[PDB]
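The next block holds one structure in the form of structure tokens; read it before the comments.
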Amino acid sequence: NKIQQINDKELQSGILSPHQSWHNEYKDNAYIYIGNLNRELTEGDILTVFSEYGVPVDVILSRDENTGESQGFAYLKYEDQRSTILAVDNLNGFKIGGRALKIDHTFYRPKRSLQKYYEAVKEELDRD
Amino acid sequence: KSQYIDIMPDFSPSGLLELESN
Amino acid sequence: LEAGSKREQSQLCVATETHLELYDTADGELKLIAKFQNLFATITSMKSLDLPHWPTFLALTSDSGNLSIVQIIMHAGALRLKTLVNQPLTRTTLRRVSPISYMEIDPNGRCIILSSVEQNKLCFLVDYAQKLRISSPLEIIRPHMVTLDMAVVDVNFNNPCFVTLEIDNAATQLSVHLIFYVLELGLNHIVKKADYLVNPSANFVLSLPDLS
Amino acid sequence: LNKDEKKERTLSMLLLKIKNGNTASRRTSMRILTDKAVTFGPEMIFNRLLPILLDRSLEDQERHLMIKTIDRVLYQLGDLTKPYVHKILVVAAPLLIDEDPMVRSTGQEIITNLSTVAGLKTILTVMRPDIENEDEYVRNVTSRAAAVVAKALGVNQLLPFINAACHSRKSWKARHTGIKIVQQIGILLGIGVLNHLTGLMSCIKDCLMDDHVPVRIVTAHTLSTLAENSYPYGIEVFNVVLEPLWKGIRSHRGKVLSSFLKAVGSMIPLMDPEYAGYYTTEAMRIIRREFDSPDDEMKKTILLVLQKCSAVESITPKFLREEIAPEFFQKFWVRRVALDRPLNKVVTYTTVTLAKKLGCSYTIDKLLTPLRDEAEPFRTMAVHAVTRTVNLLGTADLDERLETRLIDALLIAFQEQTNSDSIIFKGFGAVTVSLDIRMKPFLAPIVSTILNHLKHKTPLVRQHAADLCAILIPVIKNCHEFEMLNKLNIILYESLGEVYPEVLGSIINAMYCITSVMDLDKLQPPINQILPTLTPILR
Amino acid sequence: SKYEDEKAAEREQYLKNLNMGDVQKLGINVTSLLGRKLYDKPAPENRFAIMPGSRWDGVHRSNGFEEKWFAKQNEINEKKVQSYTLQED
Amino acid sequence: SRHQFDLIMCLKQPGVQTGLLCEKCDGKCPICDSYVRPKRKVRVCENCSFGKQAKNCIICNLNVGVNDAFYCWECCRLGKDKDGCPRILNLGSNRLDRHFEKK
Numbered sequence: 002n003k004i005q006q007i008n009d010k011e012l013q014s015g016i017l018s019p020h021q022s023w024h025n026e027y028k029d030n031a032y033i034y035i036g037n038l039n040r041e042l043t044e045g046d047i048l049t050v051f052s053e054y055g056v057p058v059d060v061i062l063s064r065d066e067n068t069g070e071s072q073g074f075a076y077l078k079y080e081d082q083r084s085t086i087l088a089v090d091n092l093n094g095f096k097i098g099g100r101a102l103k104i105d106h107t108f109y110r111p112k113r114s115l116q117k118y119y120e121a122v123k124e125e126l127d128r129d
Numbered sequence: 022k023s024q025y026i027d028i029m030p031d032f033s034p035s036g037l038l039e040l041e042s043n
Numbered sequence: 082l083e084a085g086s087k088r089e090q091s092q093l094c095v096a097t098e099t100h101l102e103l104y105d106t107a108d109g110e111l112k113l114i115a116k117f118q119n120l121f122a123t124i125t126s127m128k129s130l131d132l133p134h144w145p146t147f148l149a150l151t152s153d154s155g156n157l158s159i160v161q162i163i164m165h166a167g168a169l170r171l172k173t174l175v176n177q178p179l180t181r182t183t184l185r186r187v188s189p190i191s192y193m194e195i196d197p198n199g200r201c202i203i204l205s206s207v208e209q210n211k212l213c214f215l216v217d218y219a220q221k222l223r224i225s226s227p228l229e230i231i232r233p234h235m236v237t238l239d240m241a242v243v244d245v246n247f248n249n250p251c252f253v254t255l256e257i258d259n260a261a262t263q264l265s266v267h268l269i270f271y272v273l274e275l276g277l278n279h280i281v282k283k284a285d286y287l288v289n290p291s292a293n294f295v296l297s298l299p300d301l302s
Numbered sequence: 156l157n158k159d160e161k162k163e164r165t166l167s168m169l170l171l172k173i174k175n176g177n178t179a180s181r182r183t184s185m186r187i188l189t190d191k192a193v194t195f196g197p198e199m200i201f202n203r204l205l206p207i208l209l210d211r212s213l214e215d216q217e218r219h220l221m222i223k224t225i226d227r228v229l230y231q232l233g234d235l236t237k238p239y240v241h242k243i244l245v246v247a248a249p250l251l252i253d254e255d256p257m258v259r260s261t262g263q264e265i266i267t268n269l270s271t272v273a274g275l276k277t278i279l280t281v282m283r284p285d286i287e288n289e290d291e292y293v294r295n296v297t298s299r300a301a302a303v304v305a306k307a308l309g310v311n312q313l314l315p316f317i318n319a320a321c322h323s324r325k326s327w328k329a330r331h332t333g334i335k336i337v338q339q340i341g342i343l344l345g346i347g348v349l350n351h352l353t354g355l356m357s358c359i360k361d362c363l364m365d366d367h368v369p370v371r372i373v374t375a376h377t378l379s380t381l382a383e384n385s386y387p388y389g390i391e392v393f394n395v396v397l398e399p400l401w402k403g404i405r406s407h408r409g410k411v412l413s414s415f416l417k418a419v420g421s422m423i424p425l426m427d428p429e430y431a432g433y434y435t436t437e438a439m440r441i442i443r444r445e446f447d448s449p450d451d452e453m454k455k456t457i458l459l460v461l462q463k464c465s466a467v468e469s470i471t472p473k474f475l476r477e478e479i480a481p482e483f484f485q486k487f488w489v490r491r492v493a494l495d496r497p498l499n500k501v502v503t504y505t506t507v508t509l510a511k512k513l514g515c516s517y518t519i520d521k522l523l524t525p526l527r528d529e530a531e532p533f534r535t536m537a538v539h540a541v542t543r544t545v546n547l548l549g550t551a552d553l554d555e556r557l558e559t560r561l562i563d564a565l566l567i568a569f570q571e572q573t574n575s576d577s578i579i580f581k582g583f584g585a586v587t588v589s590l591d592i593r594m595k596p597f598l599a600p601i602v603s604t605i606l607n608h609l610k611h612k613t614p615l616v617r618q619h620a621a622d623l624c625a626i627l628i629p630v631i632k633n634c635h636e637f638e639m640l641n642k643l644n645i646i647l648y649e650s651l652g653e654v655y656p657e658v659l660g661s662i663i664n665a666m667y668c669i670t671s672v673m674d675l676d677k678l679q680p681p682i683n684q685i686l687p688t689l690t691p692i693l694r
Numbered sequence: 145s146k147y148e149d150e151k152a153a154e155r156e157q158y159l160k161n162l163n164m165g166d167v168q169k170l171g172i173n174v207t208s209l210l211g212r213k214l215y216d217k218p219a220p221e222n223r224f225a226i227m228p229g230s231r232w233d234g235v236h237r238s239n240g241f242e243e244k245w246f247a248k249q250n251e252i253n254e255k256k257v258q259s260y261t262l263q264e265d
Numbered sequence: 002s003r004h005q006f007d008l009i010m011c012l013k014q015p016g017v018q019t020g021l022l023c024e025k026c027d028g029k030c031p032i033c034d035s036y037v038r039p040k041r042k043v044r045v046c047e048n049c050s051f052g053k054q055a056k057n058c059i060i061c062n063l064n065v066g067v068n069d070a071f072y073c074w075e076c077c078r079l080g081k082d083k084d085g086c087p088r089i090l091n092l093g094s095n096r097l098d099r100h101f102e103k104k
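Residue numbers (PDB author numbering), protein chains in the order written: chain X, 2 to 129; chain Z, 22 to 43; chain 3, 82 to 134, 144 to 302; chain 1, 156 to 694; chain Y, 145 to 174, 207 to 265; chain 5, 2 to 104.
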């Protein structure tokens with residue numbers, strides 16, 4: 002609802018196409034921070050809603066090291082960037098499980114401690 | 022050698038996504 | 082005057098209701114330097130304020155309920171009496187509630203403090219910069235207390251204090267009691283520290299410096 | 156009954172006329188209440204009146220006519236029982252959160268009247284079961300209601316109430332809301348909090364240490380409000396709290412870091428020069444680390460601290476230019492900032508404050524990249540910073556090159572504007588006034604674009620073409636391009652039969668600026684041919 | 145120190161390269209472009225014409241913006257024609 | 002205010018800061034509301050200063066202030082000058098009621 006507020010102002014002025022859009026600030030970014038998730042949505046189900054706008058190559062769900070349950074945020078890289086422009090913009094503020102999730106562009110830095118979780122995820126997304 | 026990592030992904034449907042449609 | 086560079090605390094200004102004058106000393110004998118223009122008010126107090134970092147300029151409250159800080163200055167060929175700040179206080183006449191008639195100044199120049207007889211006492215908090223600057227006043231109102239002799243305590247920069255002999259206006263018996271006040275710079279308000287009841291004969295207060 | 160059943164109608168008729176009635180009707184039925192409110196049973200009034208305010212149907216025009224009757228009735232009777240004081244607060248208090256300030260105030264106008272009527276002892280009994288309440292919205296309401304009571308009666312009478320709630324180990328939520336009461340006490344009382352700051356500090360510090368984070372966070376905000384509202388005077392009472400903040404900053408991160416830094420950020424300007432240099436250079440380490448935080452709550456805190464620090468003597472303007480400044484303009488001037496208003500107001504204000512410590516020539520140097528940018532809404536942001544800065548900065552600093560680049564940036568940012576706003580004109584007019592005699596070479600091409608835009612179809616652009624003449628005239632006389640003055644004047648004369656009133660008004664305004672300045676004899680049309688063209692315009 | 149700097153640079157590069165979208169990197173232009213699995217049934221229309229991933233459930237999920245961009249897209253594209261055609265004299 | 006009876010002045014000890022008036026209320030005495038012959042700057046108390054509140058006209062306290070506010074000659078002869086802070090606190094019955102009718 003922070004970002005959703007921008008695009009309405011932006012569009013209203015007829016900004017139209019990325020050169021003048023704030024989405025142009027990125028261009029080298031693909032991963033999207035996916036916030037305010039419900040707790041029971043897992044990687045496969047976050048890999049349901051987000052293929053509407055593109056083809057995901059990677060995904061990471063943030064979850065506590067001990068109990069292994071959702072922190073409530075994920076990082077999902079689309080194959081073709083412009084999906085990011087599309088997902089952030091179009092799907093932000095949308096309800097799943099009662100709570101309206103947040104998306105925004107992100108620069109994502111991998112962490113050693115999950116290293117195996119990368120191949121374990123990749124191998125499934127490497128199937129396609 | 023016990024487990025790769027204690028965490029690991031799922032790739033399993035939750036009842037929430039299917040439920041909302043029906 | 083007459084010296085390119087000289088600064089000596091020997092010089093004095095003397096006023097009477099309307100009139101005001103300036104004398105010098107250091108010649109051993111009191112000389113008249115200037116008599117200034119005709120004031121047309123009733124000067125109810127006059128006290129030099131010497132503030133750190144500069145001449146001294148006599149702070150002068152009168153009828154008109156103005157606190158007027160005036161700097162006597164040399165302009166054209168003769169001395170004139172030039173004004174810097176006149177802050178409004180109450181109304182114009184010499185009237186019991188209005189805060190004049192007792193004006194005593196923090197010896198370092200941190201603040202002026204005024205009182206009335208009865209009701210209110212004010213304290214203005216002086217500062218110097220590219221131009222002289224007064225703070226918004228600091229009020230204490232003790233409703234029935236007529237005041238006599240406000241004399242003020244020196245302090246080494248701690249927090250300015252002052253002492254009064256106040257007598258209550260509505261009481262069955264005459265009790266005139268001495269009362270200390272401390273402006274607390276930190277929280278910026280005037281506090282009443284100590285209050286002692288002394289025999290009715292009390293007449294005046296004076297400050298003893300340090301005792302060290 | 157049948158006699159007194161008539162009063163039962165009359166009030167219900169009056170209460171009808173007020174709510175739904177002709178303007179000449181309700182005006183007579185308000186006069187009847189204010190006189191007769193005494194003779195009617197306050198039971199009968201409130202029991203009949205109050206239920207209306209609980210329906211979901213009533214419009215805002217109809218609601219404020221009912222509240223205006225409660226306010227006029229409460230003003231008279233003066234002795235009111237507790238059952239209704241609970242009812243009235245159920246109705247009145249939810250106003251305090253309402254969207255617009257006009258409603259917010261008329262809600263506050265009630266409770267400050269009720270507080271005196273119902274007296275101190277009665278209301279504080281009605282808040283106690285209410286503050287312990289489980290429901291959130293009810294707690295958010297009576298934080299604001301109990302604070303309005305505090306101003307009316309004075310806070311000291313109400314302070315042991317808060318101290319009971321805040322320090323209460325009984326309920327967690329009483330601690331929480333008991334602390335919110337301190338904000339809206341500190342917000343209402345404004346500067347005057349002060350003398351009460353010591354008594355309030357009983358609540359804040361000890362209630363800070365709570366294991367519940369949402370309480371930990373609230374006090375960190377209630378300090379930043381007490382810190383600001385106090386301003387120069389306070390610090391001596393805030394040393395007690397300064398120690399536990401840092402051990403909270405050096406660990407907790409998250410949103411506890413956003414709140415603790417807001418507190419510490421707003422204590423700085425009231426610290427001594429000795430410490431104030433210390434804590435900022437401490438805090439400036441934290442900010443540099445948090446520039447990447449995507450949260451909003453943190454960005455609002457990062458701006459506050461940058462905003463505060465420049466004032467402090469200890470940091471030099473060299474240190475800023477060398478480090479803080481280049482890492483500022485690049486991160487906070489992204490186009491994603493210019494879009495949302497609540498974070499635009501902050502970044503420009505933060506830029507403007509840094510412009511004092513920073514050389515004016517340094518900030519304006521960095522604002523040329525956004526003034527030339529492609530995005531429209533981003534060029535408008537960088538204009539506000541210059542105009543705001545421009546009054547703030549003198550143009551004496553600028554070398555000739557920026558003076559030429561600045562004006563090209565503005566003309567552009569002037570000639571693509573879409574929405575109508577004052578900012579471009581004041582800005583482009585605060586620049587000219589500063590450098591006026593230096594403007595001469597740049598004044599030829601600018602006037603060409605005014606004459607080009609007065610031919611443009613969209614009527615907004617013919618406003619801004621003429622609105623920017625009224626600004627340049629006092630510049631031009633200094634310049635001496637009188638022929639242009641007579642060139643602009645004729646061109647403004649031939650347009651003076653325009654259709655659009657918004658545009659025709661501003662042309663006359665520029666005519667009025669040219670006329671006053673110029674030699675009376677000189678004017679081209681001239682005057683004797685102008686004035687008879689105006690007389691039919693008065694109609 | 146130099147070696148350290150080099151290492152840092154390398155890591156930065158790695159970070160950036162990982163982040164970059166795949167189609168741009170091969171790029172050079174503008207059933208999958210990179211042979212990734214693709215959906216089957218007809219998808220909702222889109223600004224960029226991108227096709228949903230094989231794994232899509234088939235429910236509309238949108239705030240409703242993407243359709244409102246077309247309304248503005250159509251508008252702006254229409255008033256370029258309306259401006260001349262409605263001109264008169 | 003002279004003609005609008007519900008509004009309540011401040012009447013506290015004036016500090017050192019000057020009141021401001023919006024373009025609309027500009028050139029008015031805050032007491033008698035007369036446009037003629039000003040004399041003295043107004044001075045408002047601290048607790049009418051502080052933050053956003055200080056900027057707003059001292060008459061309507063709604064619009065933002067620009068010019069200083071003066072007392073008229075006649076109100077300086079009577080002495081209503083030095084009563085106190087001449088700043089209106091509430092918005093009053095007239096302003097509200099216009100507001101709601103319009104919407």
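All C-beta atoms in this analysis are idealised placements derived from N, C-alpha and C, irrespective of residue type, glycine included.
Cutoff 8 Å; reference residue i; Cβ partners in own chain excluding five residues on either side
i, result
"residue 514 (chain 1)", "472, 476 and 552"
"residue 287 (chain 1)", "325, 326, 328 and 329"
Closest by C-alpha distance to residue i, when choosing among the options
i, options, result
"residue 622 (chain 1)", "278 (chain 1), 633 (chain 1) and 661 (chain 1)", "661 (chain 1)"
"residue 362 (chain 1)", "317 (chain 1), 567 (chain 1) and 233 (chain 1)", "317 (chain 1)"
"residue 92 (chain X)", "237 (chain Y), 264 (chain Y) and 246 (chain Y)", "237 (chain Y)"
"residue 200 (chain 3)", "246 (chain 3), 192 (chain 3) and 155 (chain 3)", "246 (chain 3)"
Own chain, CB closer than 6 Å to residue i, minus 5 neighbours either side, in chain order
i, result
"residue 69 (chain 5)", "19 and 42"
is_contact[residue i, chain 1] using C-beta, thresh 7 Å
i, result
"residue 5 (chain X)", "no"
Contact with chain 3 by residue i, beta-carbon distance below 7 Å
i, result
"residue 124 (chain 5)", "Here chain 5 has residues from 2 to 104 only, and residue 124 (chain 5) is not among them."
"residue 394 (chain 1)", "no"
Chain X contact for residue i (CB, 7 Å cutoff)
i, result
"residue 221 (chain Y)", "no"
"residue 23 (chain Z)", "no"
Residue i at chain Z interface by Cβ criterion, 7 Å
i, result
"residue 85 (chain X)", "no"
"residue 56 (chain X)", "no"
Same chain, Cβ closer than 7 Å to residue i, five either side skipped, listed in chain order
i, result
"residue 403 (chain 1)", "411 and 415"
Environment of residue i [buried if 16+ CB atoms lie within 10 Å]
i, result
"residue 409 (chain 1)", "exposed"
Chain 5 contact for residue i (CB, 7 Å cutoff)
i, result
"residue 226 (chain 3)", "yes"
"residue 345 (chain 1)", "yes"
Checklist line | Ranges of the alpha helix (DSSP H) found wholly within the segment 329-370 of chain 1, counting only runs of at least 4 | finding: 352-363
Item checked: Every unbroken beta strand (DSSP E) within the segment 48-129 of chain X, with a cutoff of 3 residues, ordered by chain -> 57-64, 71-79 and 103-106
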